[PDB]
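Trainee:
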Amino acid sequence: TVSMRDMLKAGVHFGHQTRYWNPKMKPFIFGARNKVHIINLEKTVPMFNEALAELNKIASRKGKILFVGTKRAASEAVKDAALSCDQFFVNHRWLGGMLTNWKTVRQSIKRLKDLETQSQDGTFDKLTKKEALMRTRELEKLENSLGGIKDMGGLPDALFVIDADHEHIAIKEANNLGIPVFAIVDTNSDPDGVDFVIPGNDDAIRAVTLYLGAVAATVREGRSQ
Amino acid sequence: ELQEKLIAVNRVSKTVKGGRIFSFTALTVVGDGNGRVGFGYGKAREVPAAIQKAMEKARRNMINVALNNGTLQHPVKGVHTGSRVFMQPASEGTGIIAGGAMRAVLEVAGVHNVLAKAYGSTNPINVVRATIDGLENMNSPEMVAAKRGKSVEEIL
Amino acid sequence: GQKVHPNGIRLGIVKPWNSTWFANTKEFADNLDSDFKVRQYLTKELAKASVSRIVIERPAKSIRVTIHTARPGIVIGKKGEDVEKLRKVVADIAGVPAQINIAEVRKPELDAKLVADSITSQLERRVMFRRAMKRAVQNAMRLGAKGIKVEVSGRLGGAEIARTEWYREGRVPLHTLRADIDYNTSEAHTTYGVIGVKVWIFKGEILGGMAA
RNA sequence: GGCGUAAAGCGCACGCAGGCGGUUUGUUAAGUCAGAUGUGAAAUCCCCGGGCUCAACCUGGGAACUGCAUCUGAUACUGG
RNA sequence: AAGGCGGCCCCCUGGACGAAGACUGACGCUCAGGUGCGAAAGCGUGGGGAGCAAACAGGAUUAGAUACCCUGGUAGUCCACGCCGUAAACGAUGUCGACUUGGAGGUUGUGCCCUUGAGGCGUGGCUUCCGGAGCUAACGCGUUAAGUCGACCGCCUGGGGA
RNA sequence: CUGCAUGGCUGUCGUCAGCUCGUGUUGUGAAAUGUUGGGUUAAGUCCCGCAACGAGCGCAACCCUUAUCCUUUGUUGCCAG
Ligand SMILES: [Mg+2]
Ligand SMILES: [Mg+2]
Ligand SMILES: [Mg+2]
Ligand SMILES: [Mg+2]
Ligand SMILES: [Mg+2]
Ligand SMILES: [Mg+2]
Ligand SMILES: [Mg+2]
Ligand SMILES: [Mg+2]
Ligand SMILES: [Mg+2]
Ligand SMILES: [Mg+2]
Ligand SMILES: [Mg+2]
Ligand SMILES: [Mg+2]
Ligand SMILES: [Mg+2]
Ligand SMILES: [Mg+2]
Ligand SMILES: [Mg+2]
Ligand SMILES: [Mg+2]
Ligand SMILES: [Mg+2]
Ligand SMILES: [Mg+2]
Ligand SMILES: [Mg+2]
Ligand SMILES: [Mg+2]
Ligand SMILES: [Mg+2]
Numbered sequence: 003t004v005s006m007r008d009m010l011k012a013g014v015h016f017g018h019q020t021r022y023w024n025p026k027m028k029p030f031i032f033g034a035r036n037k038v039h040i041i042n043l044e045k046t047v048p049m050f051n052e053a054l055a056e057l058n059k060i061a062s063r064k065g066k067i068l069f070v071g072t073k074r075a076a077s078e079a080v081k082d083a084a085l086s087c088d089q090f091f092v093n094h095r096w097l098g099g100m101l102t103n104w105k106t107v108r109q110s111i112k113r114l115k116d117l118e119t120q121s122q123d124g125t126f127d128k129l130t131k132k133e134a135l136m137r138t139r140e141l142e143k144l145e146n147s148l149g150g151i152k153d154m155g156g157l158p159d160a161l162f163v164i165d166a167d168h169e170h171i172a173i174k175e176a177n178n179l180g181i182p183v184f185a186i187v188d189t190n191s192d193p194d195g196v197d198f199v200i201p202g203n204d205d206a207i208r209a210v211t212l213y214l215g216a217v218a219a220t221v222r223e224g225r226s227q
Numbered sequence: 010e011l012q013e014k015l016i017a018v019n020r021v022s023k024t025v026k027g028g029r030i031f032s033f034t035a036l037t038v039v040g041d042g043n044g045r046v047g048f049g050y051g052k053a054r055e056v057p058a059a060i061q062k063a064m065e066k067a068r069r070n071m072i073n074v075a076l077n078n079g080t081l082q083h084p085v086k087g088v089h090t091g092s093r094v095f096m097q098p099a100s101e102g103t104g105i106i107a108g109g110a111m112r113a114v115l116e117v118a119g120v121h122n123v124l125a126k127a128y129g130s131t132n133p134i135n136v137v138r139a140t141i142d143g144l145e146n147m148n149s150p151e152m153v154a155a156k157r158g159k160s161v162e163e164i165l
Numbered sequence: 002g003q004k005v006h007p008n009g010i011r012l013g014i015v016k017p018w019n020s021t022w023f024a025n026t027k028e029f030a031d032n033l034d035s036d037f038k039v040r041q042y043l044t045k046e047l048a049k050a051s052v053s054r055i056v057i058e059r060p061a062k063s064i065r066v067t068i069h070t071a072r073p074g075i076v077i078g079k080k081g082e083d084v085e086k087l088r089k090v091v092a093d094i095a096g097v098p099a100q101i102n103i104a105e106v107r108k109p110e111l112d113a114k115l116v117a118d119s120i121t122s123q124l125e126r127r128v129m130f131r132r133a134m135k136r137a138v139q140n141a142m143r144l145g146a147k148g149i150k151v152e153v154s155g156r157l158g159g160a161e162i163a164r165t166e167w168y169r170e171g172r173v174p175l176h177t178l179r180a181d182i183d184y185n186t187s188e189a190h191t192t193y194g195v196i197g198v199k200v201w202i203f204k205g206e207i208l209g210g211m212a213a
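Residue numbers (the authors' numbering), protein chains in the order written: chain g, 3 to 227; chain j, 10 to 165; chain h, 2 to 213.
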């Protein structure tokens, strides 16, 4: 689950080369191997356990969490983990102003019911095919990005960033609002705007799946009443 | 509850292909009047919209200041891009000895007696930020004792 | 000239005519002369009353003017005496006997002519044009209109150089021909010239064309 | 207060007088720090009271005159 | 040090850096006056003068063209000793000390590793680009700071008149 | 008489394709993103990428005529038999 041994065989060692490392990452990085910085599990694991404890502490009570992992390979894993844990997520390009511009994104969220009526009802029955094709194309385009947050309604309570350097836009919008973020950073990331730092690999196929499984397990164990 | 107050309104312009289009800017200061203060600089095509635009941002961008019973704790100086502010705690009855865009924000914040002085360029836009940074950077005896590791009476 | 009149561009599609009859131009000129005379007489008489519009039908050897107004009580009078009083003059002006109908208009702040009216009265009584137009557009938006656009031009506020100000809310699709774009004009005779007012009120998209 | 661009780095280098000066001990105590004495006129300002019916004005005491000289000590810093 | 320095060879000489070693023991930094060096242009003497080229001659465009263009052409550019000490003499940033995240290089030493390739791990000197914090009105500077200081010198106080 | 006080109407750029706003963000601030960049087009038409997310006036469609066929009803319009 959170044991140190499983991460070694899953692969957390190689995060990035030694020419891309962020200067304020000295303490988390143990050393350099083959001109590639290697993270240390002896400090990776306890902070991850603390983050899991603090996250299930919120999961037990009320609160919605975000699962921003918008990578080219981790999208399916994020979607599966979110569906398993019964939480919300986004699996496409992070729309700038999704949390700080909720006053306007709520209109977009509320417009995939009256606009999806073309697909679930057809109005009469697929009225005016010439514009009905445009209607269904825009419906598909609209929920392609925000299909995982259509059942939220209110503002989220906690954030989970998989790539805290690629998704600094989400962190910037979370910070000025004031919601906790349990983000996992790489050797080339900044542990400044994130509230909880989880050093280690994030762009590996197996590491992201392991982290998603762990977070899903802890969030479904905290809220199991 | 709040003590919202407009400081000044300025008229800006922007030349375009068809001509010059005007615009208005509003600067406002809000606060509960006890220990909180915030500033808002809004811009809109008209004076009535700009003032509300500034007011909303001032309301939602307030800053809490750990002031004394009626004054500020210790004399402080704030430095901004073009304005320098100096604020000294006065005695009871002196009033808000300030000028420009400082006395209004000081009265909205909650302090009642302070000697304020502006050095450099005395523009409202920069002086408001300078005088709010001066109140943000200052600390209370309890706050300084917390980092010192001793008691207020010990660090008297 | 920039914009064409939005009524006579969709009169044949979604908008109704203000005069419904037939002629073989043996009497067409005198018929419109009579229509113009009765319309101007009604406008001059019912000044205090907020008349919305005047539709005219001309059957054989008879006429029927169906005035639409917001406050019909003033025109009606006690026991319906004022209408009988003002019906004989219309009948004798038009020659053939008349039968005046009066229709109350619901939502008096959502009619183009009504919203274009009384703003001239406010300007005459020296009410600021900006606040007047803002109140008119906000009331029209609140009542249910999907789009309102108000333009006021000429010697605004008694200045030295005339200008043209305008406000707009919602959406006003002037180019489409499948929507209610009810539009009317009015003018104010102030102490320093004349002020022109134009109002466009988009209510909805009338699918199917004429006859609902 | 500033000197890259508004006014402000000598074109550069050497160097006299001058300005400053790494680290430890002992000594001196010149600057510096403490106390005391004389003086720093009266007048004037300020504080507490009084007299002019109030005030202006006058007046008693106190404080102050931020300075100087001498004496008796303190030795951390600067100075020999 | 600045100005500046470009075939090769010889003669004399200044300066900088590094591996390890011992002493001299504050001898250290800056500098008003003062001295010295100081691009090119310029002047005096005695020479040299291929090319280039102020002044000048002719042609050409243009209303005019005492210029840009073309054909020649003197001083000058060259050598030695002399004189002035002027430049956007610019990094528009006066000398030194230590402190304050990184990446990619350039040049030049030095220790050790199987030097199988300009293989790797450290450490110095000079210098280029990007950039974090910080600073600045902004541009931008950013371990060679325009970031926080310390010691010294010079200069600035509205634009013209100057 | 004053279109150098105007209302209304009209010409031009141009039937060019741009012109703006709300929220958010960036810079103290005038302001910028959105509207740029890649394909694409008759086009701010669409897509992708991107501190942008949406909307309005706009580019199109709905409107009028004509290009084929079916049906309803044949005089003053037609002659398969
Ligand atoms: Mg100054
Ligand atoms: Mg200068
Ligand atoms: Mg200049
Ligand atoms: Mg210099
Ligand atoms: Mg000189
Ligand atoms: Mg002494
Ligand atoms: Mg003494
Ligand atoms: Mg008395
Ligand atoms: Mg005295
Ligand atoms: Mg000594
Ligand atoms: Mg040598
Ligand atoms: Mg000198
Ligand atoms: Mg020369
Ligand atoms: Mg020649
Ligand atoms: Mg020549
Ligand atoms: Mg010569
Ligand atoms: Mg000079
Ligand atoms: Mg210079
Ligand atoms: Mg020197
Ligand atoms: Mg060098
Ligand atoms: Mg840089």
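Every residue gets a Cβ at the ideal spot worked out from N, C-alpha and C, and that includes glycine.
(1) Indicate whether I60 (chain j) and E145 (chain j) have their beta-carbon atoms separated by less than 8 Å.
(2) With DSSP run on the structure shown, which of helix, strand or coil describes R29 (chain j)?
(3) Give, in chain order, every unbroken run of the alpha helix (DSSP H) that is at least 4 residues long and sits entirely within the segment 126-208 of chain g.
(4) Once the 5 residues before and after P84 (chain j) are set aside, which same chain residues still bring their CB inside 6 Å of it?
(5) For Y128 (chain j), does the count of other Cβ atoms within 10 angstroms reach 16, so buried, or fall short, so exposed?
(6) So does the segment 39-57 of chain h actually touch the segment 90-106 of chain h, counting three or more Cβ pairs closer than 8 Å?
(7) What residue ranges within the segment 131-188 of chain h form continuous beta strand (DSSP E) runs of no fewer than 3 residues, ordered along the chain?
(8) To the nearest angstrom, report how far apart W18 (chain h) and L12 (chain h) are at their CA atoms.
(9) What do you get for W23 (chain g), buried or exposed, if any count of 16 or more other CB atoms within 10 angstroms of its CB means buried?
(10) Based on Cα-Cα distance, which residue from g:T20, g:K131 and g:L10 lies nearest to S191 (chain g)?
(11) Secondary structure at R63 (chain g), three-state DSSP: helix, strand or coil?
(12) Distance, Cα to Cα, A12 (chain g) vs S147 (chain g)?
(13) Roughly how far, in whole angstroms, is the beta-carbon of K14 (chain j) from the beta-carbon of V153 (chain j), given that I think they are within contact range, below 8 Å?
(14) By how many angstroms is the C-alpha of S122 (chain h) removed from the C-alpha of residue 214 (chain h)?
(15) Can you tell me which of the three DSSP states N102 (chain h) falls into?
(16) For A209 (chain g) and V80 (chain g), I'd like the C-alpha separation in whole angstroms.
(17) CB-CB under 7 Å to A53 (chain j), same chain, minus the five flanking residues each way: which ones, in chain order?
(18) Would you tell me roughly how many angstroms separate the C-alpha atoms of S100 (chain j) and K86 (chain j), rounded to the nearest one?
(19) Under a three-way DSSP split, which group does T44 (chain h) fall into?
(20) Within its chain, find whatever has a CB closer than 6 Å to the CB of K126 (chain j); leave out the 5 residues flanking it on each side and keep chain order.
(21) Within the chosen definition, does the segment 88-106 of chain g reach the segment 117-131 of chain g through at least 3 CB pairs nearer than 8 Å?
(22) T191 (chain h) to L124 (chain h), Cα distance in whole Å?
(23) Expressed to the nearest angstrom, what Euclidean distance is found between the alpha-carbon atoms of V173 (chain h) and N43 (chain j)?
(24) Rounded C-beta distance between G109 (chain j) and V136 (chain j)? I'm assuming under 8 Å.
(25) Using the Cβ count rule (16 or more neighbours within 10 Å means buried), how would you classify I164 (chain j)?
Mentor: A quick look at the data gives this:
(1) No, they are not a contact pair.
(2) Assigned with DSSP and collapsed to three states, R29 (chain j) falls in strand.
(3) Within the segment 126-208 of chain g, the complete alpha helix (DSSP H) runs of at least 4 residues are 131-148 and 170-177.
(4) The residues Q97, in chain order, have a CB closer than 6 Å to that of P84 (chain j) in the same chain once the five nearest residues on each side in sequence are set aside.
(5) By the 10 Å Cβ count, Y128 (chain j) comes out exposed.
(6) In short, these stretches touch, since the Cβ pair count reaches three.
(7) Counting whole runs of 3 or more residues, the segment 131-188 of chain h contains the beta strand (DSSP E) stretches 148-154 and 165-171.
(8) The alpha-carbon atoms of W18 (chain h) and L12 (chain h) are separated by roughly 7 Å.
(9) Buried.
(10) Minimum Cα distance to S191 (chain g) is reached at g:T20.
(11) DSSP places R63 (chain g) in the coil class of the three-state scheme, outside both helix and strand.
(12) So the alpha carbons of these two residues sit roughly 30 Å apart.
(13) No, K14 (chain j) and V153 (chain j) are not in contact; Cβ-Cβ is about 31 Å, not under 8 Å.
(14) With chain h represented from 2 up to 213, any question about residue 214 (chain h) goes unanswered, as that position is not in the structure.
(15) If DSSP states are grouped into helix, strand and coil, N102 (chain h) belongs with the strands.
(16) Within the model, the alpha-carbon separation for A209 (chain g) versus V80 (chain g) is close to 12 Å.
(17) Cβ-Cβ distances below 7 Å link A53 (chain j) to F33, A59 and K62 in the same chain, with the five nearest sequence neighbours on each side left out; the list follows chain order.
(18) Computed Cα separation, rounded: 19 Å.
(19) Three-state result, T44 (chain h): helix.
(20) The beta carbon of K126 (chain j) sits closer than 6 Å to the beta carbons of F95 from its chain, once the five residues preceding and following it are set aside; these are given in chain order.
(21) With the cut-off at 8 Å, the segment 88-106 of chain g and the segment 117-131 of chain g do not touch.
(22) Using only the alpha carbons, I get a separation of about 7 Å.
(23) The alpha-carbon of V173 (chain h) is positioned some 48 Å away from that of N43 (chain j).
(24) Rounded, the Cβ-Cβ distance is 6 Å, consistent with contact.
(25) Flag for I164 (chain j) reads exposed.
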